[PDB]
Amino acid sequence: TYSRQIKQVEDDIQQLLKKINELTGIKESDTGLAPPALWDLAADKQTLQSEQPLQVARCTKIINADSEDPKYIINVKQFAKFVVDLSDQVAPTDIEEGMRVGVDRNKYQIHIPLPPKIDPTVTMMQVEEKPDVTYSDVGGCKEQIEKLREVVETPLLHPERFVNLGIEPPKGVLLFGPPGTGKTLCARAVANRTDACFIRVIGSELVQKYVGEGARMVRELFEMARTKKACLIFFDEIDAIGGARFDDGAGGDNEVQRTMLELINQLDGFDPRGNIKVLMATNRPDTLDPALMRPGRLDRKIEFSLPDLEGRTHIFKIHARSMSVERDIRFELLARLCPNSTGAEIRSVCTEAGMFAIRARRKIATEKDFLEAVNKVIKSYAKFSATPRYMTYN
Amino acid sequence: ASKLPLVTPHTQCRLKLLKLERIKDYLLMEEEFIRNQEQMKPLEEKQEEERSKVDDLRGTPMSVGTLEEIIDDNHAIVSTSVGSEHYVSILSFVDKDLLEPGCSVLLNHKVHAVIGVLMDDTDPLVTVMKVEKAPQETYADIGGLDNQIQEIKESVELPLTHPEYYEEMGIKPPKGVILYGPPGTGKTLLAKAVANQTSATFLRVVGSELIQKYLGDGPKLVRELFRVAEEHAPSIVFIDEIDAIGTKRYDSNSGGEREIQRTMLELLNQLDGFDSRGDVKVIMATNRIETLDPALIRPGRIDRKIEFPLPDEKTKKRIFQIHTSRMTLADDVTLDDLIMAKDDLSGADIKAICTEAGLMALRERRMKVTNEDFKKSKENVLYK
Amino acid sequence: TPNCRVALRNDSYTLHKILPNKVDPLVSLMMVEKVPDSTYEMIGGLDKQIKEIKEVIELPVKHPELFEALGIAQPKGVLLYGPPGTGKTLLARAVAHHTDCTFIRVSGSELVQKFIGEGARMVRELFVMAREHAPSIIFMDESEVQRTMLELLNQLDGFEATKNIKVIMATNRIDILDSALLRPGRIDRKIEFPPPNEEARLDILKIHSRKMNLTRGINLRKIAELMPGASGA
Amino acid sequence: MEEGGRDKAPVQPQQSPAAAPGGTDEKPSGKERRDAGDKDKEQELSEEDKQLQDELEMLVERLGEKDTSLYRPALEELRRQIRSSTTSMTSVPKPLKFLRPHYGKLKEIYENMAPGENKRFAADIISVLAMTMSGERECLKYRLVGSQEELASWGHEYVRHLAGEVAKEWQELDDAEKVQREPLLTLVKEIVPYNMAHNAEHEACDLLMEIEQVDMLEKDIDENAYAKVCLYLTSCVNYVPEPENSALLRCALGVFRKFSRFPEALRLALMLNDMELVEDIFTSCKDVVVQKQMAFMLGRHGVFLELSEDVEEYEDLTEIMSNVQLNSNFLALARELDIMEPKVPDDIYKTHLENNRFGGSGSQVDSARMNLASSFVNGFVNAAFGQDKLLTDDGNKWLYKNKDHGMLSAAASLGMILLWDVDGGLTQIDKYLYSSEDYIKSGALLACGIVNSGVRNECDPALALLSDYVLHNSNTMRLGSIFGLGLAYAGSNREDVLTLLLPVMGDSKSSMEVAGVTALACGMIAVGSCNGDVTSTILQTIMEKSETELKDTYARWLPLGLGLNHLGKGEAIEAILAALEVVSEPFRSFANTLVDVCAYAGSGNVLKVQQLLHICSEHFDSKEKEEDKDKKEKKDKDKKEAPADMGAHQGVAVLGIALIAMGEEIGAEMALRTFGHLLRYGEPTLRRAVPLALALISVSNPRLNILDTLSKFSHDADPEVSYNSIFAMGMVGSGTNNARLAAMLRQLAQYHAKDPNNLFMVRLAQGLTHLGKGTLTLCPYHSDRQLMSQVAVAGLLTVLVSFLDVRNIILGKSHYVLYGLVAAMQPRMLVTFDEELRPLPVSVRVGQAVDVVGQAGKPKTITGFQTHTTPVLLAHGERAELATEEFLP
Ligand SMILES: Nc1ncnc2c1ncn2[C@@H]1O[C@H](COP(=O)(O)OP(=O)(O)OP(=O)(O)O)[C@@H](O)[C@H]1O
Ligand SMILES: Nc1ncnc2c1ncn2[C@@H]1O[C@H](COP(=O)(O)OP(=O)(O)OP(=O)(O)O)[C@@H](O)[C@H]1O
Ligand SMILES: Nc1ncnc2c1ncn2[C@@H]1O[C@H](COP(=O)(O)OP(=O)(O)O)[C@@H](O)[C@H]1O
Ligand SMILES: [Mg+2]
Ligand SMILES: [Mg+2]
């Protein structure tokens with residue numbers, strides 16, 4: 001009824017919000033500047049306080065000390081080397097050799113030790129954040145879930161039942177099967193439930209242009225692994241990181257083999273890694289080198305096969321619990337119609353048959369809509385099917 | 001800016017009056033609230049006194065730095081342009097959230113302390129493969145197919161335009177879409193139609209140019225590619241001719257097939273990574289569908305498989321009707337004789353015969369196209 | 001302006017003055033390559049091929065509307081073929097020289113590389129300089145050339161809106177290139193270059209015999225018969 | 001340009017109305033038959049809403065407007081039929097014949113005469129006939145008439161029936177979504193006196209439709225979520241009889257007339273309590289309506305069900321009182337022990353593990369104030385039947401060591417361990433009560449008042465805490481004996497023990513740590529009447545607060561219980577009653593805003609808010625009334641939790657620009673508690689904006705303001721992924737932000753969200769706009785956190801057990817008589833529907849479907865399937881009886 005009276009009372013304050021917030025100051029879309037009233041701690045004090053008593057303290061690297069005297073041999077990025085001194089702010093204890101320290105620009109003396117260098121693309125692959133996959137969603141392979149879980153988390157969540165028995169639990173485990181079987185999806189639940197550093201590694205991220213370049217990434221990776229108390233290291237598609245050694249004539253594929261041998265040395269012998277747990281995942285496990293296949297690195301060897309009948313029905317109950325359906329259908333008929341099938345294929349059946357409900361104008365799918373999914377996904381897409389040479393893994 | 005997203009009465013109501021009247025009171029309260037500050041305390045003006053004081057802090061030479069670590073009490077190790085890195089402190093007008101490892105900042109000239117960050121410039125790779133505008137005409141240009149058009153709108157367009165149908169259903173859209181058939185059947189043409197249709201960001205890359213001459217630059221290019229595709233919005237990633245990564249070998253590749261393989265491994269990760277993917281759609285096309293790795297083809301990574309047949313003759317006459325629409329056609333010609341000239345001709349062949357016939361018209365400067373233009377036009381196009 | 005040299009003071013780095021412009025990287029590129037610039041006046045007896053290439057390239061610049069008079073799309077791809085030494089480079093240089101287009105060949109070299117970019121992970125980064133010299137023509141010699149041309153034609157099949165950008169490939173023995181390149185919806189016109197006959201050797205003797213200090217009475221017809229038609233070189 | 005040819009309507013309506021002054025006089029047939037030809041042709045050629053560009057309605061008034069102005073007024077012999085041919089033609093195009101000053105001259109065509117039965121030519125047409133014109137009547141015409149001319153002539157008397165029949169035309173044409181225009185006609189009509197138009201459309205709404213009750217019923221309470229004092233006073237008591245007179249849905253009475261309880265009349269919800277006790281059907285809906293009367297939004301009802309039919313249905317009152325409270329116990333007796341909860345989870349202190357090797361060594365923090373937080377390893381994790389047998393040794397060996405308020409604290413944690421209990425909570429205290437200690441007996445008997453929270457059976461009317469009170473000549477025997485009785489009997493309205501606690505205020509004892517929380521204890525009991533409590537407060541306030549100029553022991557404790565005793569009404573009398581009561585010097589006029597705005601918790605009266613921040617904006621205040629302006633912002637912390645997303649964005653968008661951004665003391669010291677009184681849940685728009693001012697501690701201020709916002713920021717329940725944002729701040733909190741004043745504070749912050757794996761619904765929003773108190777149990781701690789002198793000595797009474805109105809968690813409850821059903825539910829997001837197509841799409845979060853007692857969450861709306869039909873209460877209320885019916889084969 002009051003067409004202008006609602007409209008101008010709307011509009012004058014929808015503009016006047018800007019007309020007073022300009023008077024406050026949120027404007028001048030920056031080039032890298034703060035909100036104008038957040039830096040007010042450094043309005044006056046830290047302008048002449050974080051700058052005028054403070055200095056650059058350029059960071060360096062220790063070569064070695066000497067006896068009887070400090071006389072520290074220092075090193076910098078490009079420039080020369082010096083024989084430097086402490087400050088009074090430090091004891092000479094934690095000024096150990098091969099260490100980064102912060103050093104003033106004029107006297108060239110040492111202020112504070114630093115954490116060492118970490119290569120940045122190794123820092124990127126720390127996960128920092130967790131997915132949402134719950135162990136309810138990996139239904140069908142419960143014995144594999146338990147046999148994995150007893151290695152992964154039980155010494156971490158309970159480091160007393162193994163100690164008071166007097167056993168060292170296994171530290172290595174690989175996971176393998178056909179594609180789409182639930183390996184990576186099974187790992188996402190591990191990343192869900194876990195609490196420590198879950199450092200993921202995909203093997204194709206380690207192929208580098210320079211010679212031996214990836215091996216140093218492996219080294220620094222296990223360095224920051226050894227910095228933490230407990231840590232989980234995830235490996236995916238390790239056929240790229242190594243098959244075997246087969247060189248002949250023109251020696252090819254060597255650069256992968258050097259990084260793989262470095263991974264071997266970082267896994268076993270000569271300062272063992274301690275509380276670091278690894279986890280591999282491949283598609284075809286036959287190509288792998290047997291020294292990598294040696295236990296002590298790859299203890300648990302979990303098979304992933306297709307579910308028998310009941311695991312398949314359970315997968316139907318997982319992917320099919322959350323969609324508007326006819327109530328009185330049965331899934332066991334569908335699991336009879338899918339002898340050899342993965343949970344990905346079953347998910348494509350459910351998510352396809354919902355689209356069969358969206359075909360004409362229905363809101364709840366039917367059993368014959370499921371039948372229209374089965375012949376298409378199984379039998380019409382049955383030309384490709386992706387499975388059988390991966391059943392023999394060749 | 002983001003002040004009241006509640007617009008749901010959508011009428012002349014006392015609610016929509018009072019929403020503003022309340023916010024009218026709050027914001028007049030903020031006006032006369034701050035009005036005492038510039039009348040009572042003009043010591044700091046806060047429009048140019050504090051900002052000019054920041055500009056008095058920062059020097060006029062503003063050196064550009066590089067981030068590699070963060071220590072939280074506003075000092076960090078930052079890299080110089082030469083490489084001789086420092087351990088400077090960070091100021092407080094520095095908006096402590098954009099700072100990531102590898103980011104570029106602004107340093108002091110004197111003590112090299114972190115003045116601010118810099119919103120870094122783009123385009124090394126983004127505007128190479130980002131599609132600028134709508135390429136061509138609409139789905140009415142296609143004709144004759146009419147079924148897989150519903151399939152592609154089904155998997156791609158409808159989840160965008162109607163995000164209610166899947167939520168009333170309890171379902172997510174199918175992930176992967178692949179195209180295959182004989183060459184010249186309109187695989188790229190349908191992608192032009194979708195690129196006309198959509199509103200999301202659209203990315204296109206040939207499957208040939210995935211390969212590199214340096215080792216690992218392939219999979220690195222893959223990782224930064226899906227980085228770029230993820231970081232913007234709900235986009236559409238198009239890949240044409242992905243057989244060519246498997247068919248041809250090039251001597252610029254210092255690696256053999258066991259580097260192409262590793263590129264396909266990293267790509268195989270980037271379709272179905274354990275990471276949260278996001279609103280990214282994948283559309284693929286080839287003609288040798290039998291050659292490539294089926295682990296890429298499995299449901300879960302590619303859901304919908306779409307065959308393109310050769311056109312039937314009633315679709316062929318429709319395609320003749322399309323490509324002979326806006327041309328001055330003399331009545332000498334009969335399209336039906338032109339239909340059965342080749343038993344398995346394509347729309348590209350039809351368009352080639354039409355355009356080459358127009359070239360035969362322009363050789364003789366004419367405007368209409370005669371029959372013998374088509375008679376020698378099929379001789380030029382077809383047989384050699 | 002972006003990408004311009006300036007003068008700069010040193011104490012406070014205040015911007016002093018704008019200096020002269022940087023040389024264009026395309027100009028430095030062609031200065032590196034040094035194609036033999038040519039004209040119609042040094043063509044020996046190829047006039048029907050001239051009439052073909054005028055129809056292909058000369059028309060969709062000076063008369064783009066003339067294709068809208070017929071309702072057909074404009075051609076984009078040219079394949080020249082014939083034995084080497086038969087005028088391919090001078091012809092393709094000459095056409096752009098007369099229609100005033102930026103003759104930009106590509107070789108896949110790496111001295112050229114620093115002017116395209118630091119790596120130029122595609123060929124497609126060339127298109128910035130191409131549409132920056134928008135009435136331009138791309139030239140190619142004789143498998144990386146063959147994939148590169150496919151990467152060009154997949155862009156300018158409708159994915160690039162800027163016109164007046166055309167590509168030209170020259171080779172011999174047309175049957176040994178790609179069948180996907182031999183898809184009939186791809187190549188717009190293919191032009192054969194034959195070896196010269198006794199007529200078409202005499203005029204190359206005429207044009208080429210211009211800069212020499214001759215003697216009166218030469219009878220180039222006899223010498224043109226003495227050469228049994230190898231090529232123009 | 002296709003003109004001419006078909007010009008019949010720009011020619012014959014151009015000629016015959018032009019020949020009408022030449023055919024009015026001396027042509028009596030041409031006056032009327034051409035006017036009838038101008039009535040049926042403009043009528044029938046103007047009914048269709050497809051050709052809205054009519055051929056006369058924007059065509060004839062090039063000459064027919066001056067012809068109308070020289071036709072109706074300038075004729076002066078307008079008879080009884082030619083007004084029906086004249087004013088039925090000249091009234092149809094007149095909102096578009098005239099320009100925008102039509103509003104004062106709709107009457108110069110219509111009020112000459114309304115022609116006959118005006119809806120006869122407004123039958124087919126929707127809103128271009130007169131509904132827009134009637135909007136021009138009720139917009140300006142009935143505003144100028146009904147400003148001070150309500151009881152009047154034709155400008156009201158016919159306007160009631162005209163605005164009645166138009167409103168029947170809205171629910172007569174289509175039954176579209178134009179039904180909600182009837183609140184926009186009945187409400188725009190006589191804005192303040194809404195009752196007289198609600199008389200004109202309430203019985204028409206009774207005869208309107210039964211299906212068209214719910215969306216306009218939601219539209220009316222949508223218009224009643226926030227309103228002016230008289231329109232919320234009027235449209236809500238008009239909103240009450242709609243599912244009582246017209247509809248028989250009748251189970252949404254008590255939870256939605258708690259809306260209509262306080263500002264209208266305190267006896268109105270008692271007459272609606274009678275309306276509960278009259279519809280005596282069976283027991284399902286009768287049961288479920290009276291379920292909420294004990295521990296879901298109110299108390300003070302347990303003397304009203306002792307009628308003459310005490311067998312089982314009027315013996316429901318004992319079951320309401322303690323047996324469904326015992327079902328709230330049964331949530332943790334069965335339904336929490338079955339899912340996850342062991343007797344000692346205990347491992348968040350074990351989650352504090354990794355700082356020994358994260359950068360150096362450990363075994364360094366050995367402060368005795370760490371043990372104050374280490375008693376909450378016992379205290380916080382053990383709520384909801386987390387009972388402990390010799391697992392209270394962290395409170396046992398610290399109970400006999402030092403820290404007298406820690407001897408109160410470890411003895412007071414047992415009440416937080418045994419919550420909602422009457423069965424053995426008095427027996428678990430006595431094993432550690434007998435210690436002969438002023439602090440152990442007072443904290444333990446203080447916990448006795450905590451265990452019986454919500455019971456109000458025979459535990460302590462004058463039994464235990466009165467015996468704790470009568471020992472007094474000293475410390476917390478005097479103090480902690482009045483706290484638990486106002487705590488447990490805070491939901492009670494009993495006057496007798498209020499007059500046992502009235503000589504505590506009337507003592508005028510110098511123990512001001514007792515006399516201050518006396519107002520906080522008696523304020524929690526009463527919210528309405530008994531002005532003698534307010535007299536007892538103001539008399540000691542004049543005897544003690546006047547002859548001094550000292551600390552906020554007075555200011556934080558004494559007027560706050562007066563705001564409790566005058567909470568919740570919009571009438572603006574109580575501000576006159578208490579603001580003119582202690583008219584005084586400004587340190588005693590600290591209580592200006594207390595009773596003023598404590599009456600105004602959730603409403604819309606933002607004119608109060610401009611007279612709440614225009615008086616003292618900054619004034620530069622050289623240490624003068626920074627506490628009064630911090631309290632002036634403390635009373636900005638209402639109005640924002642429930643205007644249904646109206647002021648929350650306008651508090652994060654105004655206070656983050658105003659006070660913590662551009663202030664000196666209010667923002668730097670205090671103005672973050674709006675995010676601790678506004679919310680308890682959490683969204684990242686401020687959840688990732690407060691650690692910009694927290695993780696930057698900026699110790700240049702009195703840094704225990706920022707450390708006060710550490711644990712307070714952590715005030716948010718419903719536990720989250722915030723262990724990074726808190727454990728990082730305790731990781732830098734190991735070295736920095738020292739443990740000498742904060743070792744209780746960082747682990748107090750960490751343990752606060754996830755004490756248990758449930759019990760957090762404390763947000764004063766259980767369902768929708770539900771109040772459910774707390775506004776008495778939650779407020780005095782946020783008023784108590786002034787700045788200091790209470791982190792060590794005095795505030796250890798309130799920092800443990802301040803808020804204890806935790807009405808549990810869940811809504812997934814069967815409550816069958818046998819209790820055999822589990823559920824058939826489907827949890828989703830909060831709804832978005834206001835008006836849409838048919839089955840209004842409710843919400844969009846279909847991806848979750850359970851059938852068990854699982855988690856609730858804040859923005860959740862839950863429905864079902866199976867044709868269970870859920871016919872009990874149908875909206876919200878978390879104790880659905882869950883009957884079923886199968887008239888759907
Ligand atoms: N037990 C299961 N229950 C439900 N879904 C499953 C199960 N196993 C597999 N899936 C489905 O299969 C899909 C693929 O999972 P995942 O990525 O782990 O396959 P994979 O075994 O790692 O093989 P690939 O290495 O090819 O991915 C997942 O999206 C998941 O939904
Ligand atoms: N069904 C059709 N209707 C109309 N035009 C068509 C059709 N099929 C092909 N064309 C024409 O053929 C040309 C080539 O189309 P397109 O390149 O998309 O086919 P393609 O199968 O993608 O070929 P390639 O196998 O080389 O990728 C298009 O320009 C289009 O005009
Ligand atoms: N028709 C011709 N007229 C004159 N000179 C020619 C002709 N054909 C080739 N040449 C000579 O051949 C050389 C260029 O070879 P060309 O055929 O253009 O490139 P390519 O041999 O790489 O295809 C020039 O030096 C030119 O003098
Ligand atoms: Mg996988
Ligand atoms: Mg194609």
# chains A, B, ... in the order shown; residues from 1 in each chain; ligands from 1
call {"tool": "residues_near_ligand", "arguments": {"ligand": "ligand 2", "cutoff": "8 Å", "atoms": "only C-alpha atoms and all ligand atoms", "output": "NGL selection string"}}
result
(:B and (141-145 or 180-192 or 240-241 or 285-287 or 311 or 315-316 or 318-319 or 322-323 or 346-351)) or (:C and (157 or 180 or 183 or 185-186))
call {"tool": "closest_atom_pairs", "arguments": {"of": "chain A", "to": "chain B", "cutoff": "7 Å", "atoms": "only C-alpha atoms", "output": "JSON lines"}}
result
{"residue": "A:1", "atom": "CA", "partner": "B:12", "partner_atom": "CA", "distance": 6.4}
{"residue": "A:2", "atom": "CA", "partner": "B:12", "partner_atom": "CA", "distance": 6.7}
{"residue": "A:3", "atom": "CA", "partner": "B:12", "partner_atom": "CA", "distance": 6.7}
{"residue": "A:6", "atom": "CA", "partner": "B:17", "partner_atom": "CA", "distance": 5.3}
{"residue": "A:9", "atom": "CA", "partner": "B:20", "partner_atom": "CA", "distance": 6.4}
{"residue": "A:10", "atom": "CA", "partner": "B:20", "partner_atom": "CA", "distance": 5.4}
{"residue": "A:13", "atom": "CA", "partner": "B:24", "partner_atom": "CA", "distance": 5.8}
{"residue": "A:17", "atom": "CA", "partner": "B:27", "partner_atom": "CA", "distance": 6.6}
{"residue": "A:20", "atom": "CA", "partner": "B:31", "partner_atom": "CA", "distance": 5.9}
{"residue": "A:31", "atom": "CA", "partner": "B:118", "partner_atom": "CA", "distance": 5.8}
{"residue": "A:32", "atom": "CA", "partner": "B:117", "partner_atom": "CA", "distance": 4.7}
{"residue": "A:33", "atom": "CA", "partner": "B:94", "partner_atom": "CA", "distance": 5.6}
{"residue": "A:34", "atom": "CA", "partner": "B:95", "partner_atom": "CA", "distance": 4.3}
{"residue": "A:39", "atom": "CA", "partner": "B:93", "partner_atom": "CA", "distance": 5.0}
{"residue": "A:42", "atom": "CA", "partner": "B:92", "partner_atom": "CA", "distance": 6.1}
{"residue": "A:47", "atom": "CA", "partner": "B:57", "partner_atom": "CA", "distance": 6.8}
{"residue": "A:55", "atom": "CA", "partner": "B:111", "partner_atom": "CA", "distance": 6.5}
{"residue": "A:56", "atom": "CA", "partner": "B:88", "partner_atom": "CA", "distance": 4.9}
{"residue": "A:57", "atom": "CA", "partner": "B:87", "partner_atom": "CA", "distance": 5.9}
{"residue": "A:58", "atom": "CA", "partner": "B:86", "partner_atom": "CA", "distance": 4.5}
{"residue": "A:59", "atom": "CA", "partner": "B:86", "partner_atom": "CA", "distance": 5.6}
{"residue": "A:77", "atom": "CA", "partner": "B:84", "partner_atom": "CA", "distance": 5.4}
{"residue": "A:78", "atom": "CA", "partner": "B:84", "partner_atom": "CA", "distance": 6.7}
{"residue": "A:102", "atom": "CA", "partner": "B:87", "partner_atom": "CA", "distance": 6.9}
{"residue": "A:179", "atom": "CA", "partner": "B:295", "partner_atom": "CA", "distance": 6.4}
{"residue": "A:184", "atom": "CA", "partner": "B:274", "partner_atom": "CA", "distance": 6.2}
{"residue": "A:185", "atom": "CA", "partner": "B:274", "partner_atom": "CA", "distance": 6.9}
{"residue": "A:188", "atom": "CA", "partner": "B:274", "partner_atom": "CA", "distance": 6.4}
{"residue": "A:204", "atom": "CA", "partner": "B:266", "partner_atom": "CA", "distance": 5.6}
{"residue": "A:207", "atom": "CA", "partner": "B:216", "partner_atom": "CA", "distance": 5.1}
{"residue": "A:208", "atom": "CA", "partner": "B:216", "partner_atom": "CA", "distance": 5.1}
{"residue": "A:209", "atom": "CA", "partner": "B:215", "partner_atom": "CA", "distance": 4.7}
{"residue": "A:240", "atom": "CA", "partner": "B:262", "partner_atom": "CA", "distance": 6.0}
{"residue": "A:322", "atom": "CA", "partner": "B:170", "partner_atom": "CA", "distance": 5.7}
{"residue": "A:323", "atom": "CA", "partner": "B:170", "partner_atom": "CA", "distance": 4.1}
{"residue": "A:324", "atom": "CA", "partner": "B:169", "partner_atom": "CA", "distance": 5.5}
{"residue": "A:344", "atom": "CA", "partner": "B:300", "partner_atom": "CA", "distance": 5.5}
{"residue": "A:345", "atom": "CA", "partner": "B:299", "partner_atom": "CA", "distance": 5.8}
{"residue": "A:348", "atom": "CA", "partner": "B:299", "partner_atom": "CA", "distance": 6.6}
{"residue": "A:351", "atom": "CA", "partner": "B:171", "partner_atom": "CA", "distance": 6.2}
{"residue": "A:354", "atom": "CA", "partner": "B:171", "partner_atom": "CA", "distance": 7.0}
{"residue": "A:363", "atom": "CA", "partner": "B:169", "partner_atom": "CA", "distance": 6.5}
{"residue": "A:384", "atom": "CA", "partner": "B:294", "partner_atom": "CA", "distance": 6.7}
{"residue": "A:385", "atom": "CA", "partner": "B:298", "partner_atom": "CA", "distance": 6.7}
{"residue": "A:386", "atom": "CA", "partner": "B:294", "partner_atom": "CA", "distance": 4.8}
call {"tool": "closest_atom_pairs", "arguments": {"of": "chain C", "to": "ligand 3", "cutoff": "6 Å", "atoms": "only C-alpha atoms and all ligand atoms", "output": "JSON lines"}}
result
{"residue": "C:42", "atom": "CA", "partner": "ligand 3", "partner_atom_place_in_ligand_line": "4 (C)", "distance": 5.8}
{"residue": "C:43", "atom": "CA", "partner": "ligand 3", "partner_atom_place_in_ligand_line": "3 (N)", "distance": 4.5}
{"residue": "C:44", "atom": "CA", "partner": "ligand 3", "partner_atom_place_in_ligand_line": "3 (N)", "distance": 3.8}
{"residue": "C:84", "atom": "CA", "partner": "ligand 3", "partner_atom_place_in_ligand_line": "21 (O)", "distance": 4.0}
{"residue": "C:85", "atom": "CA", "partner": "ligand 3", "partner_atom_place_in_ligand_line": "21 (O)", "distance": 3.3}
{"residue": "C:86", "atom": "CA", "partner": "ligand 3", "partner_atom_place_in_ligand_line": "8 (N)", "distance": 3.6}
{"residue": "C:87", "atom": "CA", "partner": "ligand 3", "partner_atom_place_in_ligand_line": "18 (O)", "distance": 3.3}
{"residue": "C:88", "atom": "CA", "partner": "ligand 3", "partner_atom_place_in_ligand_line": "18 (O)", "distance": 3.9}
{"residue": "C:89", "atom": "CA", "partner": "ligand 3", "partner_atom_place_in_ligand_line": "18 (O)", "distance": 3.5}
{"residue": "C:90", "atom": "CA", "partner": "ligand 3", "partner_atom_place_in_ligand_line": "18 (O)", "distance": 4.5}
{"residue": "C:204", "atom": "CA", "partner": "ligand 3", "partner_atom_place_in_ligand_line": "4 (C)", "distance": 5.2}
{"residue": "C:232", "atom": "CA", "partner": "ligand 3", "partner_atom_place_in_ligand_line": "9 (C)", "distance": 3.9}
{"residue": "C:233", "atom": "CA", "partner": "ligand 3", "partner_atom_place_in_ligand_line": "11 (C)", "distance": 4.4}
call {"tool": "closest_atom_pairs", "arguments": {"of": "chain D", "to": "chain A", "cutoff": "7 Å", "atoms": "only C-alpha atoms", "output": "Markdown table"}}
result
| residue | atom | partner | partner_atom | distance |
| --- | --- | --- | --- | --- |
| D:135 | CA | A:1 | CA | 4.7 |
| D:136 | CA | A:1 | CA | 6.6 |
| D:139 | CA | A:1 | CA | 5.7 |
| D:661 | CA | A:37 | CA | 4.8 |
| D:662 | CA | A:37 | CA | 6.2 |
| D:698 | CA | A:41 | CA | 6.7 |
| D:847 | CA | A:322 | CA | 5.6 |
| D:848 | CA | A:322 | CA | 6.7 |
| D:849 | CA | A:322 | CA | 6.7 |
call {"tool": "write_last_selection", "arguments": {"atoms": "N, CA, C and O atoms", "output": "short mmCIF file (atom, residue, chain, number, x, y, z; two decimals), in the first residue's frame"}}
result
data_model
loop_
_atom_site.label_atom_id
_atom_site.label_comp_id
_atom_site.auth_asym_id
_atom_site.auth_seq_id
_atom_site.Cartn_x
_atom_site.Cartn_y
_atom_site.Cartn_z
N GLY D 135 -5.79 0.42 -1.62
CA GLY D 135 -4.49 0.68 -1.03
C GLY D 135 -4.16 2.16 -0.97
O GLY D 135 -3.47 2.61 -0.05
N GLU D 136 -4.67 2.93 -1.93
CA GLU D 136 -4.57 4.38 -1.85
C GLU D 136 -5.54 4.97 -0.83
O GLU D 136 -5.33 6.09 -0.37
N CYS D 139 -3.81 3.85 2.55
CA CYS D 139 -2.45 4.37 2.63
C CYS D 139 -2.43 5.78 3.21
O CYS D 139 -1.78 6.05 4.22
N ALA D 661 37.10 -1.20 17.04
CA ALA D 661 37.86 -0.54 15.99
C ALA D 661 38.24 0.88 16.40
O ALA D 661 39.43 1.21 16.51
N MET D 662 37.25 1.73 16.69
CA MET D 662 37.52 3.15 16.86
C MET D 662 37.16 3.65 18.25
O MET D 662 36.52 4.70 18.39
N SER D 698 48.24 -7.75 22.43
CA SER D 698 48.50 -6.31 22.56
C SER D 698 48.43 -5.86 24.02
O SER D 698 47.54 -5.11 24.44
N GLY D 847 20.54 -34.73 3.32
CA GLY D 847 21.60 -35.74 3.34
C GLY D 847 21.76 -36.49 4.65
O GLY D 847 22.62 -37.38 4.72
N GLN D 848 20.99 -36.18 5.68
CA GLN D 848 21.09 -36.87 6.95
C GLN D 848 19.75 -37.49 7.30
O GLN D 848 18.70 -36.84 7.17
N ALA D 849 19.78 -38.74 7.75
CA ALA D 849 18.56 -39.45 8.11
C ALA D 849 18.89 -40.47 9.19
O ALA D 849 19.62 -41.42 8.93
#
